[PDB]
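Engineer: part one of the complex, untouched from its place in the assembly:
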Amino acid sequence: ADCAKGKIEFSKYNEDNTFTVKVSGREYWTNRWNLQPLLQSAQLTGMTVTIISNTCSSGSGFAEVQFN
Amino acid sequence: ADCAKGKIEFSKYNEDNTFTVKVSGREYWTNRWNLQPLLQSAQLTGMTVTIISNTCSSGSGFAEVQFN
Amino acid sequence: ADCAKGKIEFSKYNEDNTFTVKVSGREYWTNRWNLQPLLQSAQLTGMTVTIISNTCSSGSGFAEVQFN
């Protein structure tokens, strides 16, 4: 499901090595570290991100994302 | 063969860790993770990318690409 | 705890392979090598980073950081 869509408001590198992004007022994390640099680039330029997951409630994990 | 040539319309990081880019209305994916940041930069800056593969039908895999 | 928040004043790659950043007049280092490229881009593009750690005194280690 399309959990959120918009610019990345902020991102955070976590001590457990996961990465968190806030999109549309909701926070999502991922343990896909390949995504770390891709997500940060998306944030600096303001690309529109679309967090895709099975659980869309804030604080959920995701491993699929589209960049527009 | 030269399957497609143009700007990257959108890119998508998949759950199986492959990366998908849409060029000239067709989608192609690759499992060469070195390409992810290169392909995103190309998308960001607006470079013309050329998807090279043996099978050119949308949904096909690729591991060779030219940046202009 | 939120140890420091502001722009990265300078960064330093150390001989032991840890990385140091100076934020808000205080220095912090980290041994997470994924953080190196992320911190440098944060520095080049002027992002506001938040150093998160248990010990906030200058010279302390950290492994969590927020990019705004």
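Structural biologist: That came through, no problem. Residues are numbered from 1 along each chain as shown, chains lettered A, B, ... in the order given.
Engineer: Pull up the residues of chain A that are close to chain B.
Structural biologist: Neighbours of chain B within chain A, by Cβ under 8 Å from any Cβ of the partner chain: A:32, A:34-35, A:37-38, A:41-42, A:45, A:47, A:63-68. To be clear about C-beta, it is placed using only N, CA and C from the backbone, and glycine gets the same treatment.
Engineer: nearest to chain C, of these?
Structural biologist: Closest approach to chain C among those (Cβ to the nearest Cβ): residue A:37, at 6.5 Å.
Engineer: which bits of chain A sit near chain C?
Structural biologist: Residues of chain A lying near chain C (Cβ under 8 Å from any Cβ): A:10-15, A:17, A:33, A:36-37, A:40, A:43-44.
Engineer: how about the residues you listed, which pair is most distant?
Structural biologist: A:15 and A:44 (23.0 Å; Cβ to Cβ).
Engineer: Specify which residue of these two has the higher count of neighbours.
Structural biologist: Neighbour tally, residue A:15 and residue A:44, criterion other Cβ atoms under 10 Å in any protein chain shown: the higher count belongs to residue A:44, 17 against 13.
Engineer: Which strand or helix spans that one?
Structural biologist: Using DSSP states H and E, residue A:44 falls within helix A:35-45.
Engineer: Quick one: list the elements packing against that helix.
Structural biologist: When contacts are defined as 3 or more Cβ pairs under 8 Å, 6 or more residues apart in numbering or on different chains; DSSP states H and E, helix A:35-45 sits against strand A:8-13, strand A:19-23, strand A:64-67, helix B:35-45, helix C:35-44.
Engineer: same structure, new chain, call it chain D:
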Amino acid sequence: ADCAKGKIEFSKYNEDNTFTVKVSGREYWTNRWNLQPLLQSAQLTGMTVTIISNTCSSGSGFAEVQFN
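Structural biologist: Time to bring in chain D:
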């Protein structure tokens, strides 16, 4: 020897995992992993690269380059 000097006209990631760049009308490839992102950045920003090798004929391999 200084085989070629100028902007990277285009680059290409090959199926065998080597990388090709076209400088001054001639093509050169390399199998040095580390060079790939460095060459792409050089291409992105338009730096003047100098391909250095023993054989300077188009289609030759190289593992030394200067970024200007």
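Engineer: what angle separates the helix holding residue A:44 from strand B:8-13?
Structural biologist: 140 degrees (axes from the mean of the first three to the mean of the last three Cα atoms, to 10 degrees).
Engineer: ok and the residue in chain A nearest chain D?
Structural biologist: residue A:37 (10.5 Å).
Engineer: I'd like to know how many residues surround that residue.
Structural biologist: With other Cβ under 10 Å as criterion, residue A:37 counts 17.
Engineer: Return stretch A:60-68 as PDB; C-alpha atoms alone will do.
Structural biologist: Taking Å, rounded to 0.1, in the frame of the first residue of the first chain, the C-alpha atoms of stretch A:60-68 are listed here in PDB:
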ATOM      1  CA  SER A  60       6.400   1.200  10.700                       C
ATOM      2  CA  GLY A  61       9.100  -0.300   8.700                       C
ATOM      3  CA  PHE A  62       9.300  -0.200   4.900                       C
ATOM      4  CA  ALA A  63      11.600  -1.600   2.200                       C
ATOM      5  CA  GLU A  64      10.100  -0.200  -0.900                       C
ATOM      6  CA  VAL A  65      10.100   3.400  -2.100                       C
ATOM      7  CA  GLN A  66       9.500   5.200  -5.300                       C
ATOM      8  CA  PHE A  67      11.200   8.500  -6.300                       C
ATOM      9  CA  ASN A  68       9.300  11.000  -8.500                       C
END
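Engineer: sorry, back to before: can you give me the angle the helix holding residue A:44 makes with strand B:19-23?
Structural biologist: Here helix A:35-45 points in a direction 40 degrees away from that of strand B:19-23 (the same axes, to 10 degrees).
Engineer: throw chain E on there as well:
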Amino acid sequence: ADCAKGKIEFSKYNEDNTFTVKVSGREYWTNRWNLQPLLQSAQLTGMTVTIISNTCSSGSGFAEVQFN
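Structural biologist: Alright, chain E goes in next:
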């Protein structure tokens, strides 16, 4: 000690996989591959770097550097 401080005049990827930079008219090389991309970004954007080592004569090796 602070061997040199200034912009990176040029950088060079060497055949033995070490990386050379020229700062303040002196050349320095490093075998830390993590530094390669960091040094090239510093060069690309004009940061002031500070080469830190025990031997500061041109042609010396270094593995510590500050970015401003």
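Engineer: rewinding a little: in the helix holding residue A:44, what counts as buried?
Structural biologist: Buried residues in helix A:35-45, counted by 16 or more other Cβ atoms under 10 Å in any protein chain shown: A:35, A:36, A:37, A:38, A:39, A:40, A:41, A:42, A:43, A:44.
Engineer: Quick check: the second one touching residue C:38?
Structural biologist: It refers to residue A:36. Yes. The criterion here is Cβ atoms under 8 Å, and residue A:36 meets it with residue C:38 at 6.6 Å.
Engineer: list the residues that contact both of the two?
Structural biologist: residue A:13 (Cβ atoms under 8 Å, 6 or more residues apart in numbering or on different chains).
Engineer: any idea what sits nearest residue A:57, other than its immediate chain neighbours?
Structural biologist: Leaving aside its chain neighbours, residue A:57 sits nearest to residue A:26 (7.6 Å; criterion: Cβ to Cβ, 6 or more residues apart in numbering or on different chains).
Engineer: so the one you found touches residue A:62, yeah?
Structural biologist: No. With contact defined as Cβ under 8 Å, residue A:26 does not count as touching residue A:62 (10.6 Å).
Engineer: Check chain A for the residue nearest chain B and tell me.
Structural biologist: residue A:66 (4.2 Å).
Engineer: which residues touch that residue?
Structural biologist: Contacts of residue A:66 by Cβ under 8 Å, 6+ apart are A:49, A:50, A:52, B:10, B:11, B:12, B:13.
Engineer: again, only using 6 Å
Structural biologist: A:50, B:12 (Cβ atoms under 6 Å, 6 or more residues apart in numbering or on different chains).
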